[PDB]
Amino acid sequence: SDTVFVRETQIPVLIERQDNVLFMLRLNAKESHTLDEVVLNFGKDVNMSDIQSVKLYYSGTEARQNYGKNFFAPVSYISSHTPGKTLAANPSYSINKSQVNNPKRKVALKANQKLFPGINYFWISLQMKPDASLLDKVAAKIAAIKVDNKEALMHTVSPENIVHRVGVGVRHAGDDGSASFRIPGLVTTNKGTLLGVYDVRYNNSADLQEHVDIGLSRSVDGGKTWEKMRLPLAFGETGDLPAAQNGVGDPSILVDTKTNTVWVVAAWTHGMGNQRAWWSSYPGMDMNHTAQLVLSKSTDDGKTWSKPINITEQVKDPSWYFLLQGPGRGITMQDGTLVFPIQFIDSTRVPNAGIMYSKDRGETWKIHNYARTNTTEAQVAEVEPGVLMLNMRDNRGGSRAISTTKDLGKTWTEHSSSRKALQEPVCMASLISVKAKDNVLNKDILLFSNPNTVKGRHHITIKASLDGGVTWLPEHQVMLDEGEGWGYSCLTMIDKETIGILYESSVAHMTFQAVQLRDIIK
């Protein structure tokens, strides 16, 4: 007989999307003629009232040289890059064979599809209602598949007990006339307001130098809805150079918890033609030679933003090629000191990560010594009072480098977890510390997020540690995005019980997801 192979997806279901890939079906029809229907059963706890529709699409066949490669689709069904074409399945790739609006817990999708004498691809689409809850979870099973009016044998290659989580596409390719959005940062203000910052890359997805601003999405309802985009940092035709030679990017955001003043730091590149700032910034101090470290602050819960504050003169050694913040977020230590992770290419052209701190509420800043050589992007958290843990992208590859300091970066101690506990593909990673009194578990925890792999940027994962970063137990992890993406992410606590994550996913340039703390630590 012919067997219908089923692969359930593990990717965010965007609430605003008209389509979301839920299942993929492959059928090599050696003895099959017609695929009549597919029967689907949603889980007992699923709220069907939040589901707008369920659809069955046919996507044709496969190239004969690709038979036996165990592919479940011939092409990407829903684009995350085509401006204005990221909300619905591409009609040229997928034929809508059936649709059920306002479905019941048991859904029958009739297809009546004449099968190609060979490989046939189908997939199931799930469309949520615009008002769907961020925390409700969707589970479903394929109960039966009818082929030639008889029950077809099924073999499911994906695992059981998959939990599909929804998310909000805070930024899609093309929004507000910008080709792409990258490099997320995410914080929660003292008033519970969510602030997410990112590169707005108008012309394309290339790094600096280019036409880039720092955009900000503000949410006052826990990430359900986001306010119109703001631009805390934009330099336009500064110095009478074109905007594409005045980009600002790689933002990092922090909240001064003592005052609720919000700070955003970024790297403004001036000149440099159309080349990458990583090898186009040079020693010196002024805009005409080296990238400038600029700040903007908000004293009204992120609604309005000040003019840029250039602190390059305070902290940059003139012999460095490039000084910039570590993208993502900063912190406020228990004693009130503000800390931003930073990275600089030194006089030998080697990058090193470290921290930059202010004891006077952000008026003056300081850098002492690097934590480790040949490291770049890093995130910092106060694991225990007075002890700063820096988690660093390591160009040696394969795993994160972790170090700690007790004197604000004058001296560093290599952590036991360094270069062993947390694998990476040399990407950016998020690290936050949540203190016992500020979370529902009444335990000090560390939350870490990154592509859980050594090659490629996929399987974006949040990991939790209860012993200050010594151990990251497998049962304390949630895999949110199996698809391929740009890999950058940033974490925050929405509330004492829920984590928020803003990251570059396979379904949207800026994707927001909410994960219950008890979901990770059960």
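Numbering starts at 1 and follows the sequence shown.
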290-298 versus 142-150 - greater average Cα B-factor per the deposited record: 142-150
Once average C-alpha B-factors are taken from the entry for 30-38 and 473-481, the winner is 30-38
Residue selected from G273, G326, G215, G336 by maximal Cα B factor: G336
With respect to the C-alpha temperature factors reported in the PDB entry, which of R230, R372, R201, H415 ranks highest? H415
Where does the C-alpha B-factor of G60 rank in its chain, lowest, middle or highest third? middle
What third of its chain's C-alpha B-factors does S489 belong to: lowest, middle or highest? lowest
Would the CA B-factor of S53 place it in the lowest, middle or highest third of its chain? lowest
Cα B factor band for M356 (lowest, middle or highest third within the chain): middle
Of the three thirds of the chain ranked by Cα temperature factor, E210 occupies the lowest
